[PDB]
Amino acid sequence: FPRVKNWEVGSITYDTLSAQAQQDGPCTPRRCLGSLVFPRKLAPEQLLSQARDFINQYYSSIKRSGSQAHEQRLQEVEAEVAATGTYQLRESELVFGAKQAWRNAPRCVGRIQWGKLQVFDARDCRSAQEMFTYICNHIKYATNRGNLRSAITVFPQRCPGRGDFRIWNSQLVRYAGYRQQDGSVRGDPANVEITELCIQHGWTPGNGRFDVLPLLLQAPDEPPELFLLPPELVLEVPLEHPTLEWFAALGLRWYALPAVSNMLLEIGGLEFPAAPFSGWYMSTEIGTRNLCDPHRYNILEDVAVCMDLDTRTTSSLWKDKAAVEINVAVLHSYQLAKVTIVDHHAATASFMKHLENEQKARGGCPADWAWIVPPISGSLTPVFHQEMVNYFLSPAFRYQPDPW
Amino acid sequence: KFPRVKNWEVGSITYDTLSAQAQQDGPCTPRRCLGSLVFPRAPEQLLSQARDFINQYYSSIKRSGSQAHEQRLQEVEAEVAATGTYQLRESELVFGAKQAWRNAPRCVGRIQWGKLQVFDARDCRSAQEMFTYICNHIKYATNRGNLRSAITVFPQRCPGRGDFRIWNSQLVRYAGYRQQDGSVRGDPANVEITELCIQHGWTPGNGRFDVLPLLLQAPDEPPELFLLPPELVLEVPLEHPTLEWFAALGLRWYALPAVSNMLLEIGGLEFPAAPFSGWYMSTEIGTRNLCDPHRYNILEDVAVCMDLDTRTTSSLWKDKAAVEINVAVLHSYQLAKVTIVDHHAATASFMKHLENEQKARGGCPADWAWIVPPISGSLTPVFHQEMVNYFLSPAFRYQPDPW
Ligand code: HEM
Ligand code: HEM
Ligand SMILES: Cc1cc(N)nc2cc(-c3ccc(OCc4ccc(C#N)cc4)c(CN)c3)ccc12
Ligand SMILES: Cc1cc(N)nc2cc(-c3ccc(OCc4ccc(C#N)cc4)c(CN)c3)ccc12
Ligand SMILES: C[C@H](O)[C@H](O)[C@H]1CNc2nc(N)[nH]c(=O)c2N1
Ligand SMILES: C[C@H](O)[C@H](O)[C@H]1CNc2nc(N)[nH]c(=O)c2N1
Ligand SMILES: [Cl-]
Ligand SMILES: [Cl-]
Ligand SMILES: [Gd]
Ligand SMILES: [Zn+2]
């Protein structure tokens with residue numbers, strides 16, 4: 001049982017939940033790969049073991065473990081698989097499993113909210129046009145005029161024989177990235193490839209650096225078809241600064257809803273390769289990663305020029321001063337627009353309280369330090385001084401190969 | 001089957017073949033990663049470490065498999081058979097000290113690993129001689145502000161005799177005093193060593209920046225108290241180039257970071273006293289030592305004087321105050337003409353170290369959580385570099401406090 005110290009308070013806890021982590025991570029006694037973004041690489045007898053496990057923790061979570069319908073639900077799963085090789089989740093098990101998958105996500109700093117999750121059951125979806133209607137409903141419900149609400153939409157599970165539902169976009173809302181003669185990119189350089197695909201599947205490209213991409217939605221077996229997001233459904237935020245009057249003239253903007261649409265959801269042995277989920281943004285994701293990463297919009301030095309900062313020498317800390325003002329502008333602009341957002345100080349403090357809840361409720365909490373600590377002001381937040389244990393619990397969100 | 005490592009800023013991939021030679025076992029398993037923990041933790045096993053280190057030394061002098069190489073191997077095992085231990089040649093010790101620095105996964109300063117002055121104090125005889133050696137190390141390394149990396153190696157661990165130990169965790173530290181209020185005056189990290197110095201006869205001060213005396217332990221001896229001559233301890237008073245009230249806080253720091261409580265392991269031999277020093281990266285002082293809530297904890301004070309709105313976290317008052325403290329540190333050390341490197345220049349030089357080491361050895365052990373600076377992490381290039389953490393020998397290791 002790992003001993004875990006918080007160096008700011010001196011307090012000690014033991015992570016007993018880690019002894020139950022099954023699916024094995026990438027580290028060995030000889031070498032730690034904790035910093036790798038993608039670890040390593042990406043007979044129904046095994047299905048029964050994972051299903052009986054998940055049914056057991058479902059009935060634990062509602063007290064009713066021991067006698068009664070709990071004893072009953074285990075047999076239906078056995079009879080279901082013994083008759084079909086797979087099985088079906090009850091609506092309530094689906095809801096419980098999606099909340100656990102979020103609760104178990106070691107890289108997510110927002111898990112204090114894990115019990116408030118809207119789950120749309122789309123397991124009877126059978127069309128790409130139908131997928132588009134589900135996604136538009138999700139977007140409308142989650143955005144909610146700027147008062148964002150967490151939500152996931154669960155499309156039908158993978159089945160032996162005949163293909164998967166899949167969203168080819170990495171998020172429901174993304175900006176296009178266009179190459180040109182110098183190979184440099186206008187727009188978002190993270191999205192050049194999916195942009196290239198959208199064009200080669202019919203899309204007419206656009207103007208500049210904040211064009212919302214179309215959706216590439218794949219029904220089983222039939223190839224992907226393009227869908228155009230209606231502009232009144234995609235809420236965006238123009239970026240301005242509360243005292244730097246010229247900042248607005250930079251023409252920056254970001255979108256309201258972060259909706260990851262390329263991860264696979266696994267529950268009780270079943271795998272849902274299309275299950276897009278959404279919450280709301282932490283400001284450093286936009287202001288520090290999306291706008292300031294050198295391989296993203298890379299705007300830092302443009303802002304420093306406008307601030308008249310001494311870009312001639314690293315030790316003026318011009319990078320650091322410009323980054324702070326970009327995050328100030330993000331927080332200001334999202335508040336003015338009355339769109340939900342959370343700063344990295346508020347977010348990390350809630351994660352600490354979540355660690356305390358989880359210690360009492362489960363005896364630990366899988367956490368990935370490198371992703372929990374924010375990309376600016378790391379040691380100014382309380383999670384920097386908290387040791388953390390990283391491991392894999394199921395239900396889970398897992399990465400998966402792209403559909404190409 | 002060597003780990004594949006990606007840089008996300010540039011898109012480049014490498015393989016760390018060196019990790020396959022990892023000579024000890026860290027704390028992670030395939031069940032759970034413990035990479036974020038601060039402390040992760042005879043004759044025949046002495047001989048395998050010894051042979052391995054001799055092989056490394058003869059490789060570096062491009063003389064592997066020669067008869068001098070085999071002669072040294074044979075002499076070592078003969079000497080272990082006769083005495084239970086063996087003695088390093090002076091050139092082996094210089095090589096091994098440098099390799100220990102080169103192998104330190106948490107050091108971002110390793111581009112400099114070949115420029116290390118090695119002082120051989122293995123003849124040291126008492127605490128009084130140990131003090132003289134330490135004083136000359138401080139004088140040499142400080143060099144009136146133009147700092148030079150150095151290490152002083154005191155006698156090895158030996159069956160029959162106790163260890164030489166420096167009880168202080170650094171050669172220069174500020175006292176921490178418990179108070180009436182249960183608070184600490186000075187540096188709260190140094191409360192324990194401060195209490196030990198007093199109870200060994202030190203008359204304390206009562207300031208926030210009182211330099212501590214040294215407690216030096218000779219084999220089988222209680223530790224003995226030694227005062228550093230003040231003209232040896234170079235300090236930098238802190239000011240800010242455009243916040244004139246910052247000088248009135250009366251903040252100071254010392255020029256020389258000289259870590260003194262780690263064990264140096266070379267070829268199975270252990271040196272429990274081997275203090276080493278380089279020069280500061282400005283965030284160690286400005287963000288960790290001054291702003292950590294369990295250290296001097298000045299961040300709120302400074303933000304209030306800066307007239308920031310500290311009522312809400314969304315004003316980012318902590319990030320703004322922290323940036324200006326780090327500016328004060330850089331400006332103050334540069335004004336005093338004391339060597340200092342900022343976290344952007346340091347992380348850029350480390351990326352060049354990784355490239356050099358990929359060519360020389362096929363990899364580089366690195367602890368991402370310690371290499372990435374404590375502010376402005378993703379503004380530096382190391383943030384976007386995947387890294388592989390593992391233990392090579394020669395090495396610097398943590399060791400239990402001698403009390
Ligand atoms: C409600 C507010 C939320 C906040 C503030 C939040 C915050 C974050 C942040 C900052 C990250 C890492 C940033 C990055 O990957 O670049 C992250 C990752 C993640 N989030 Fe959350 N999140 C929220 C809601 C949710 C919801 C509703 C779900 C799922 C139902 C979720 C599941 C995940 C997962 C699985 C990851 C890791 C994803 C991966 O490894 O690719 N989060 N979150
Ligand atoms: C020359 C300039 C140097 C710089 C800028 C530098 C920088 C750093 C930094 C920023 C750290 C992490 C600090 C922390 O623990 O908070 C570190 C750790 C370390 N450095 Fe270096 N260093 C330098 C020289 C040296 C030398 C000369 C040695 C040994 C010969 C050395 C060995 C180590 C070791 C062993 C650690 C890890 C300490 C630990 O794990 O607790 N460094 N260094
Ligand atoms: C619900 C929710 C809210 C929110 N607010 N955020 C989220 C972020 C993720 C998430 C995971 C991995 C990512 O990315 C992988 C990656 C790793 C390294 C680089 C680099 N260099 C680039 C991308 C990115 C992109 N933020 C997001 C998932 C859900 C989120
Ligand atoms: C040669 C050299 C140059 C330089 N420029 N710097 C160095 C810094 C260290 C070093 C190691 C551990 C530390 O601390 C370990 C620790 C972990 C967690 C907490 C907490 N909370 C506190 C301390 C701290 C503190 N700087 C420094 C060692 C050598 C250095
Ligand atoms: C190389 C490194 O693993 C990579 O930059 C990681 C580090 N930490 C991160 N942390 C968050 N929140 N998001 C990220 O994409 C990353 N990327
Ligand atoms: C809890 C956490 O492991 C601890 O605070 C670490 C994180 N990274 C660090 N990185 C450096 N350079 N120095 C440190 O002391 C620490 N402390
Ligand atoms: Cl994003
Ligand atoms: Cl220090
Ligand atoms: Gd001024
Ligand atoms: Zn690990």
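Just follow the structure's listing: the first ligand is 1, and inside any ligand the first atom is 1. Chain letters run A, B, ... following the sequence lines, proteins first, then strands; residues in each count from 1.
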Should you measure from each heavy atom of [X], which atoms of ligand 1 turn up under 4.0 Å away?
{"X": "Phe277(A)", "value": "28 (C), 29 (C), 30 (C), 31 (C), 32 (C), 33 (C)"}
{"X": "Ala105(A)", "value": "34 (C), 35 (C)"}
{"X": "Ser278(A)", "value": "27 (C)"}
{"X": "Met263(A)", "value": "38 (C), 39 (C), 41 (O)"}

- Task: Could you walk me through whether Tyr175(A) and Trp254(A) pass the ring-ring contact (aromatic ring centres under 6.0 Å, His included) test, one step at a time?
- Result: CA-CA 9 Å; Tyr175(A) 287 136; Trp254(A) 207 256; 5.2 Å; yes
Ignoring hydrogens and geometry beyond distance, is a side-chain donor-acceptor pair present between [X] and [Y] at under 3.5 Å?
{"X": "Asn326(B)", "Y": "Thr287(B)", "result": "yes"}
{"X": "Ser278(A)", "Y": "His138(A)", "result": "yes"}
{"X": "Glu266(A)", "Y": "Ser394(A)", "result": "yes"}
{"X": "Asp342(B)", "Y": "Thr314(A)", "result": "yes"}
{"X": "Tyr398(B)", "Y": "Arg41(B)", "result": "no"}
{"X": "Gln400(A)", "Y": "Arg166(A)", "result": "yes"}
{"X": "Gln23(B)", "Y": "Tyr390(B)", "result": "no"}
{"X": "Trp8(B)", "Y": "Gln385(B)", "result": "no"}

Just to confirm my output: which protein heavy-atom neighbour is closest to [atom], and how far is it?
{"atom": "atom 11 (C) of ligand 1", "value": "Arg107(A) O, 3.9 Å"}
{"atom": "atom 1 (C) of ligand 1", "value": "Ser150(A) OG, 3.5 Å"}
{"atom": "atom 25 (C) of ligand 3", "value": "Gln171(A) NE2, 4.7 Å"}
{"atom": "atom 19 (C) of ligand 3", "value": "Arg289(A) NH2, 4.0 Å"}
{"atom": "atom 18 (C) of ligand 3", "value": "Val37(A) CG2, 4.0 Å"}
{"atom": "atom 10 (C) of ligand 3", "value": "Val260(A) CG2, 4.4 Å"}

- Query: Just distances here: any N/O of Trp101(B) and N/O of ligand 2 closer than 3.5 Å?
  - Reply: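 Right, the criterion is met.
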- Query: Do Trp370(B) and ligand 2 have an N or O pair less than 3.5 Å apart?
  - Reply: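 No - when backbone and side-chain N and O of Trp370(B) are compared with those of ligand 2, no distance drops under 3.5 Å.
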One residue to check: [X]. Relative to ligand 2, which of side chain, backbone, both or neither has a non-hydrogen atom less than 4.0 Å away?
{"X": "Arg288(B)", "value": "neither"}
{"X": "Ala100(B)", "value": "neither"}
{"X": "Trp279(B)", "value": "both"}

- Between the side chain of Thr339(B) and the main-chain N/O of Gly145(B), is any donor-acceptor distance below 3.5 Å?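 Present.
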- Query: Is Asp293(A) reaching over with its side chain to a backbone N or O of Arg296(A), donor-acceptor style, under 3.5 angstrom?
  - Reply: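 It does not hold such a pair.
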- Are any of the side-chain nitrogens in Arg110(B) or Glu357(B) under 4.0 Å away from the carboxylate oxygens of its partner?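 Answer for the salt bridge query: no.
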Nearest heavy atom to [atom]: which of [options] does it belong to?
{"atom": "atom 16 (C) of ligand 3", "options": "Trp371(A), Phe38(A), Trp280(A), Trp8(B)", "answer": "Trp371(A)"}
{"atom": "atom 20 (N) of ligand 1", "options": "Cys108(A), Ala98(A), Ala346(A), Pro106(A)", "answer": "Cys108(A)"}
{"atom": "atom 39 (C) of ligand 1", "options": "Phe397(A), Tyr281(A), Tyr399(A)", "answer": "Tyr399(A)"}
{"atom": "atom 16 (O) of ligand 1", "options": "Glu285(A), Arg103(A), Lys99(A), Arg149(A)", "answer": "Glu285(A)"}

- Task: Using ring pair (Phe, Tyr, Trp, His ring centres under 6.0 Å) as the criterion, point out the one residue from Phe277(A), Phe392(A), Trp102(A) that pairs with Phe397(A).
- Result: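 In the set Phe277(A), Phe392(A), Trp102(A), the residue that makes a ring pair (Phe, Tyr, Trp, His ring centres under 6.0 Å) with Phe397(A) is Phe277(A).
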- Query: With a distance cut-off below 6.0 Å to the six-membered ring centre and an angular limit of 45° from the axis, does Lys116(A) pair with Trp114(A) as a cation-pi contact?
  - Reply: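 So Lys116(A) doesn't make the cation-pi contact.
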Is there at least one protein heavy-atom neighbour under 4.0 Å from [atom]?
{"atom": "atom 23 (C) of ligand 3", "value": "no"}
{"atom": "atom 12 (C) of ligand 3", "value": "yes"}
{"atom": "atom 29 (C) of ligand 3", "value": "yes"}

- Can you find a heavy atom in the side chain of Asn356(B) that is under 4.5 Å from one in the side chain of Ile111(B)?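 When only atoms from C-beta onward are counted, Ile111(B) and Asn356(B) do touch, with a gap below 4.5 Å.
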- Task: Would you mind telling me if ligand 3 is within reach of the side chain of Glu9(B), the backbone, both or neither, using heavy atoms under 4.0 Å?
- Result: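 For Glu9(B), there is no contact with ligand 3 at all, from either part.
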- Message: Applying a heavy-atom cut-off of 4.0 Å, say which part of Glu285(A) lies close to ligand 3: side chain, backbone, both or neither.
- Response: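 Near ligand 3, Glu285(A) shows its side chain, while the N, CA, C and O stay back.
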- Task: With heavy atoms of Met282(A) as the reference, note each atom of ligand 3 found under 4.0 Å away.
- Result: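 Matching atoms, with element in brackets: 5 (N).
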- Message: With heavy-atom distances below 4.0 Å as the criterion, list the atoms of ligand 3 near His295(A).
- Response: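 Those atoms are 20 (C), 21 (N).
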- What do you reckon, does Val108(B) put a non-hydrogen atom under 4.0 Å from ligand 2?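 It does; at least one heavy atom falls under 4.0 Å.
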- Would you please determine whether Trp113(B) falls within less than 4.0 Å of ligand 2 on a heavy-atom basis?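 Flag not set, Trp113(B) not near ligand 2.
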- For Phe272(A) and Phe155(A), what are the C-alpha separation, side-chain angles and deciding distance, and is it a ring-ring contact (aromatic ring centres under 6.0 Å, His included)? CA-CA 7 Å; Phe272(A) 301 86; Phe155(A) 291 100; over 10 Å; no
